[PDB]
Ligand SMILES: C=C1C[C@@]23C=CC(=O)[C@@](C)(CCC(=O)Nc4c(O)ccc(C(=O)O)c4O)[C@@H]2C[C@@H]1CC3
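As a starting point, one isolated chain is supplied in structure tokens, in the form solved without the ligand.
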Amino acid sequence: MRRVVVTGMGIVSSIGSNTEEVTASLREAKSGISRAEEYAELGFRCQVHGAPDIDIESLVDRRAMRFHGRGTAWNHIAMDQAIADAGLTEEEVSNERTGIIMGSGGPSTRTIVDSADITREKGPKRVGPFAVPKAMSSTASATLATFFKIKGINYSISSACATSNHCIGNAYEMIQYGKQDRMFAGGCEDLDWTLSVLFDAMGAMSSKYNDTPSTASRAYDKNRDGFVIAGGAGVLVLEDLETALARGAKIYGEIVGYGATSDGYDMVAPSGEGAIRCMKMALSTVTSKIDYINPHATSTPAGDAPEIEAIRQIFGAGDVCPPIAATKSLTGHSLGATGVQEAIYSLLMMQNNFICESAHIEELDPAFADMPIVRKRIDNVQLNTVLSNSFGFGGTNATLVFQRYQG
């Protein structure tokens, strides 16, 4: 099997509109969470969100936008960034050896709702002729594959919170097995009340911190009370190692493990044992120690703990366990985009030799007092190998391990 490296990254996040902004946010523990006035207007319990702040119209032209939902527009931007970062020629983007696996946890629910509304108010024709590609689950791959003239693999993987971890992992497999030499992998999610309300109604999102929105997402805090939803996108450019080397690519890291498992247990809550198997699977092909864990931890009572127990089972507790820092405390949970975004945060931490604070831990949950949850940014750390989990609704688990490329 071939080796596979990350040669470019692009990101639209609640904590920044490019990798530089994101890095600064990570370094300074700058929360991307703000009040969602619309959620309050609609009567939600949760009135916070992680909203990107980026001018789509300035970055994606009108014809390009014809078939985009906002999530995929953000993914388009991320794709442009990743292509630029990678320094790819048009030929390198568009060829039979280059594919795309790009997913979202949902499609444009706003398109779906707006279309239903307008059908009933003004008639079906007034939906307009461009809604299908926005509304379909493959929207992220369909739109980008078409616009970027992708000729290889083209589909979306969806797996809720794990979506873009699976997208990356499957793309990794594609290249490992020699089916593609380059892949664009990642995912996106719109941020819209029509999606967020589904989570609010299940009581899944934080509401106790509406008056201090910036600190609402607080993985491992004793008083965490649900996740904070976000939107955005991320893209990695993946290449087989020879391809990367031959063109003098940047190498942000090497993908060295990928785990994917299923809990087969509960729709909304993790089992824990699935995560253990997922991490073990990811680690089964990894020879070096893990220097940092980017957990799934979404700031939920029921979610943060079983993952920590899974980590304890694999890695132990205290100093021997890799440092753990939950980036969702800063970023919220962007569902389809989370996996790739977390890969990017981890690769940026690797690049910049620091591990961010696991933010907003005002009082650590005592259940986690034995674990190396990062309470203050760690500087001057040589990260060589980083592990990132995403454990999604439906008991779907994906773990990725990235390594600093040193030959």
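So that there is no doubt, residue numbering starts at 1 and follows the sequence shown.
Legend: mean Cα B-factor per stretch from the PDB entry, 336-344 versus 39-47; the higher mean is in 39-47. Annotation for 180-188 versus 315-323: the higher mean temperature factor (C-alpha) is found in 315-323. Taking only the listed residues 117, 309, 96, 254, the entry reports the highest CA temperature factor at 309. You'll see in the entry that, of 240, 225, 263, 200, the Cα B factor peaks at 225. Among the modelled residues of its chain, residue 286 has a C-alpha B-factor that falls in the highest third, as given in the PDB entry. Residue-level temperature factors show residue 274 in the middle third of its chain, judged at the C-alpha atom. Annotation for residue 406: CA B-factor lies in the highest third of the chain's modelled residues. Ranked within its chain, residue 10 lands in the lowest third, by CA B factor from the PDB record. Per the PDB record, residue ranking by Cα B-factor puts residue 204 in the middle third of the chain.
The same protein also has a form deposited with the ligand bound, omitted here; what follows describes it.
Shown alone here, residue 333 lies within 4.5 Å of the ligand in the entry with it bound, counting heavy atoms only. Residue contact check for residue 84: none of its heavy atoms lie within 4.5 Å of the ligand in the entry with it bound. Put simply, residue 258 is far from the ligand in the entry with it bound: not one heavy atom of it is within 4.5 Å. Although the partner is absent here, residue 204 is a contact residue: one of its heavy atoms lies within 4.5 angstroms of the ligand in the entry with it bound. Residues within 4.5 angstroms of the ligand in the entry with it bound, judged by any non-hydrogen atom, belong to 301-309 and to none of the other stretches in 174-182, 92-100, 301-309, 115-123. Taking the partner from elsewhere, every residue among 161, 269 and 391 has a non-hydrogen atom within 4.5 angstroms of the ligand in the entry with it bound. Taking a 4.5 Å heavy atom cutoff to the ligand in the entry with it bound, the contact residue among 209, 252, 227, 292 is 227.
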